[PDB]
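In what follows, a structure is listed as structure tokens, so that the remarks can point back to it.
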Amino acid sequence: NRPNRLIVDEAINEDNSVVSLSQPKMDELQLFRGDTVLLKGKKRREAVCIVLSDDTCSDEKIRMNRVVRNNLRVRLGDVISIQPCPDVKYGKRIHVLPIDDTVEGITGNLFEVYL
Amino acid sequence: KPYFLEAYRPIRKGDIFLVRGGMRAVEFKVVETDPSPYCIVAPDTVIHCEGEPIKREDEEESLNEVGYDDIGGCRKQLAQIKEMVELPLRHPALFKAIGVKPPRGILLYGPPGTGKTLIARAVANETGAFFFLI
Ligand SMILES: Nc1ncnc2c1ncn2[C@@H]1O[C@H](COP(=O)(O)OP(=O)(O)O)[C@@H](O)[C@H]1O
């Protein structure tokens, strides 16, 4: 049934931007642990993540944490589209910036610690 | 005279050195020192008899307020309260500089006539925080 879409669900890892697939799916998606993959999401947004391999998760369930879900707007039980991107290209100093009106105890050089 | 006597107390113009006797505590402020800024007191200094009530300045907080010296016999609980409420009262910005939950409610249980409101007022005066009574 057009096996491009896939459901999202919880992840065990503490790190960000890591999707754990169900092992029986290696060569159908054709991407190994060294390939980053693009995942679609509502209001026309996307993300890209490296992938891990595990046994316990179900076939139809990606595992991914809150930070990588919110920007996709994907809420658990919702379905997103997964497509390999071996065409990855490095960047040169992506511009990164704090969010919100203010940060508690924030001053000085926060980049050598938080980045 | 008895207090300056056998003392040679160091003294600078403006200090509030307190004297105690006749079952009352009075403090005399030195307003003028012939040499400056400070001096020792000597038995050979003639003495001046004025005794006039100049009213105290508004900004200074009187010595009437209670301090830790007025409370004895509850050292452990007083130390606990001090270590518990020193940071929030005197270092408010820090608690905004870190994510932690300070206490905002304390109960004191004991028989009447033990100095609970006395302890509260002493802490309030010793940390300079505003005090409200209900
Ligand atoms: N270290 C002390 N411990 C207990 N009581 C004291 C101490 N020093 C003075 N007092 C006495 O405590 C009385 C005031 O206590 P009070 O405020 O009525 O306590 P409570 O509010 O618990 O009844 C004063 O009359 C004072 O003489």
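Looking at segment B:81-127, which of its residues are exposed (fewer than 10 other Cβ atoms within 10 Å of the Cβ) and within 15 Å of B:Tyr68 (Cα to Cα)?
Matches in segment B:81-127: B:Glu83 only.
Scan segment A:61-103 for residues that are surrounded by 10 or more Cβ atoms within 10 Å (Cβ to Cβ) and either within 14 Å of another protein chain (Cβ to nearest Cβ) or in contact with a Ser or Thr (Cβ under 9 Å, 6 or more places away or on another chain) (or both) and jot them down.
Those that are surrounded by 10 or more Cβ atoms within 10 Å (Cβ to Cβ) and either within 14 Å of another protein chain (Cβ to nearest Cβ) or in contact with a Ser or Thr (Cβ under 9 Å, 6 or more places away or on another chain) (or both): A:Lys61, A:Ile62, A:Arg63, A:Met64, A:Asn65, A:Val67, A:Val68, A:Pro84, A:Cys85, A:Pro86, A:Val88, A:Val103.
Against the condition without any contact (Cβ under 8 Å) to a residue 60 or more places away in the chain, away from the ligand (no atom under 16 Å from the Cβ), away from chain A (no Cβ under 14 Å) and within 20 Å of the chain's Cα centre (by Cα), how does B:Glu32 come out, does it pass?
Against the criterion (without any contact (Cβ under 8 Å) to a residue 60 or more places away in the chain, away from the ligand (no atom under 16 Å from the Cβ), away from chain A (no Cβ under 14 Å) and within 20 Å of the chain's Cα centre (by Cα)), B:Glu32 does not qualify.
Going by the structure shown, is A:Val51 surrounded by 17 or more Cβ atoms within 10 Å (Cβ to Cβ) and touching a residue at least 60 places away in the same chain (Cβ under 8 Å)?
Judged against the criteria, A:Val51 is not a match.
Check whether at least one residue in segment B:119-129 is out of contact with any strand residue (DSSP E or B) (no Cβ under 8 Å at 6 or more places or on another chain), outside any loop (DSSP other than H, G, I, E, B), within 16 Å of the ligand (Cβ to nearest atom) and hydroxyl-bearing (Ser, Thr, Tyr), and report yes or no.
no
Six or more apart or on different chains, Cβ atoms under 8 Å: show the pairs whose first residue is in segment B:68-97 and over 30 Å from A:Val103 (Cα atoms) and within 13 Å of the ligand (Cβ to nearest atom) and whose second is hydroxyl-bearing (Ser, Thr, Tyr) and part of a helix (DSSP H, G or I).
Listed pairs, sorted by first residue: B:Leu78/B:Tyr68.
Within the bounds of segment B:93-108, is there any residue that is within 14 Å of chain A (Cβ to nearest Cβ), part of a helix (DSSP H, G or I), in contact with a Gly (Cβ under 7 Å, 6 or more places away or on another chain) and within 30 Å of A:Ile106 (Cα to Cα)?
So far as segment B:93-108 goes, yes, one or more of its residues are within 14 Å of chain A (Cβ to nearest Cβ), part of a helix (DSSP H, G or I), in contact with a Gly (Cβ under 7 Å, 6 or more places away or on another chain) and within 30 Å of A:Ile106 (Cα to Cα).
Select from segment B:15-28 the residues that are more than 15 Å from B:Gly51 (Cα to Cα), within 17 Å of the chain's Cα centre (by Cα) and either assigned to a loop (DSSP other than H, G, I, E, B) or among the acidic types (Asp, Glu) (or both) and list them in ascending order.
B:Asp15, B:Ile16, B:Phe17
If I ask for residues that are surrounded by 10 or more Cβ atoms within 10 Å (Cβ to Cβ) and away from chain B (no Cβ under 14 Å), which ones from segment A:104-115 would you list?
Within segment A:104-115, just A:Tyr114 meets the criteria.
Does B:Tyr109 meet the test of being within 30 Å of B:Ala7 (Cβ to Cβ) and either more than 16 Å from the ligand (Cβ to nearest atom) or out of contact with any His (no Cβ under 7 Å at 6 or more places or on another chain) (or both)?
It is false that B:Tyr109 is within 30 Å of B:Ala7 (Cβ to Cβ) and either more than 16 Å from the ligand (Cβ to nearest atom) or out of contact with any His (no Cβ under 7 Å at 6 or more places or on another chain) (or both).
Where a number appears in this text, it was derived from the coordinates with a stated rule and is not lab data. Neighbour counts are summed over all protein chains in view; Cβ atoms, including those assigned to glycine, are modelled from backbone coordinates with ideal geometry.
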